[PDB]
């Protein structure tokens, strides 16, 4: 019964169709379905990070396919010297294949696994690829990840870029099978905030809805946008952008009247829903700096006796965006940043620049200290009241 013949080797993209949970995620609640679009978008954003793409158009078609057009360099079209087919076909049909295993093509990229669009292809009943590169238009069609013919020159062009349109496999995706405008818009808005000078257009051909994301203000405007329907309690958004020992750190924050903590973390524009070394550095610095400031200004009595890290973060909105040549995550999902050097990179910058901010904006600083004290008092009233019910 259990012998050498029980041992099965999945080849090509078969492994992706066998276990889509491993590659695209939840194939049932819609998160995976939208992640098919995000893999293609993230590849275009990487062209932008590299300085080669200023213009991205995402289109929800009336047949529930999605296309992503960029004006970046184009997916390489040349025959791959080892694989014997176009570099484009290698990218589409081979796991762990791409230009983000070194710093030669992208200095900084959210991509690192070499599986993103090979996974989109595998789980798409159809993919259309159109490449503008080296004065030529290249076209290729895939069905369930199988190329219908070699990548072929169809025209001349003086432009560069990539168009991928994919029809998600109805065999793979279940329950939530239709693209939701607002799920795509949330991520493209945030990418606009993170990539000033990149025009991102979202077009819905089902109902003619259109958006053009080209936000003024970067992550400063991002924090203003996030605090819109909260009541910001101080007018000076804390902001900085630094680069040291090859690490980009960009931070913006502002407190509001509410009781939530919302710190949005990013590595090469990829969100970390479970934080990591950038959040850990941000937190250490915020605590050290606020505690140092409160001690120096004599306000420490409450902070010294009770006020803690948690109560600093009550009503906090912040964006922490880092640029890392070779990031490490805790998993394939890239939801937690592991790169240990990023923690001191964020921590030393925040320590210096948040200290300066509090000296340069004493009105803001007194309001934030007020906020910290009020959050401690509420926390202690609540603990006391739970005890009294017993």
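Numbering follows the first chain given and starts at 1.
Just going by the entry, 306 to 314 versus 229 to 237 on mean CA temperature factor gives the higher value to 306 to 314. Two stretches are in play, 15 to 23 and 375 to 383, and the higher mean C-alpha B-factor belongs to 375 to 383. Across 205, 107, 278, 73, the entry's maximum B-factor at the CA atom is seen for 107. Across the residues 95, 152, 163, 120, the deposited record lists the maximum Cα B factor for 152. Per-chain ranking of the deposited C-alpha B factor places residue 351 in the middle third. For residue 196, the recorded CA temperature factor ranks within the highest third of the chain's modelled residues. Residue 89: CA B factor lies in the lowest third for its chain, per the PDB record.
Per the deposited record, the Cα B-factor of residue 181 falls in the middle third when ranked against the other modelled residues of its chain.
For residue 142, the recorded CA B-factor ranks within the lowest third of the chain. Only modelled residues enter the ranking.
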